[PDB]
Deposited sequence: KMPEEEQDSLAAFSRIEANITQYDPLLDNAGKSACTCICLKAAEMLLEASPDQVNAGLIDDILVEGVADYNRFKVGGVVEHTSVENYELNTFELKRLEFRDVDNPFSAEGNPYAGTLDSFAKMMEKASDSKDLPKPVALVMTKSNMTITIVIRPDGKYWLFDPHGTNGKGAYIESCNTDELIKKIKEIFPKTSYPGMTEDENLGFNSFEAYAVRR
């Protein structure tokens, strides 16, 4: 009496199609709002609650919240986190000399694994905790679960569906990010070009 879920499958996809009018009308600018809705709903969930209908709910309610607030700057900071029942937690790259307290975690794609290790082994970040990560105006949500697994929620639109969630171990998560946010690299690329093509920012939130 239950739908297929993350308890038995490592990937679950929405029923809502990639080009459904609700998603097509809302732009890619709605991705950050949808990802904050994903944090809200997934941080409250257990693996067997995460089925295709829950992903559908994230998309629809995420778009509803986005339409209420639109009219663009669509950073996590532009949304009022209490309306998502979320709390922001301090989380940044203290090793980066340009970073300041209160900044998000910012770096190049090469720093992804380090970010995840700091997030998973930090006392200041309880579990479950979500990272909302933006690269080149596209956003994903990564849920760090107390069972050591990671849920990757990706609203980019894949295989004809509006979003999917994948449950990953540490190394598989690293490998999947390389596919979602491919790094730009060519012989002779400067660090200035690397920062311009390959930077991301991430915010940490909890319920």
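Unmodelled regions (deposited sequence positions with no C-alpha coordinates, counted from 1) are 1-4, 76-79.
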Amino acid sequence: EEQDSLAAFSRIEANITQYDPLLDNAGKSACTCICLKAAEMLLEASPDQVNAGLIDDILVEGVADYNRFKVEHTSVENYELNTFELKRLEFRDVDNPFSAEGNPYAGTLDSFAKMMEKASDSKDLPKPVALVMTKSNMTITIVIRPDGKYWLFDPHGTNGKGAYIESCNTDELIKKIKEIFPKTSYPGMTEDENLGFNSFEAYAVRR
From here on, numbers count along this sequence of modelled residues.
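Looking at 154-162 and 28-36 together, the entry lists the larger mean B-factor for 154-162, computed on C-alpha atoms. Mean CA B-factor, 183-191 versus 16-24: the higher value falls on 16-24. If you compare the C-alpha temperature factors of 134, 120, 82, 108 in the entry, 82 comes out highest. Among 86, 130, 71, 116, the highest C-alpha B-factor recorded in the PDB entry belongs to 71. In the PDB entry, a CA B factor belonging to the highest third of its chain's modelled residues is recorded for residue 8. For residue 98, the recorded CA B-factor ranks within the highest third of the chain. Only modelled residues enter the ranking. In the PDB entry, a CA B factor belonging to the lowest third of its chain's modelled residues is recorded for residue 53.
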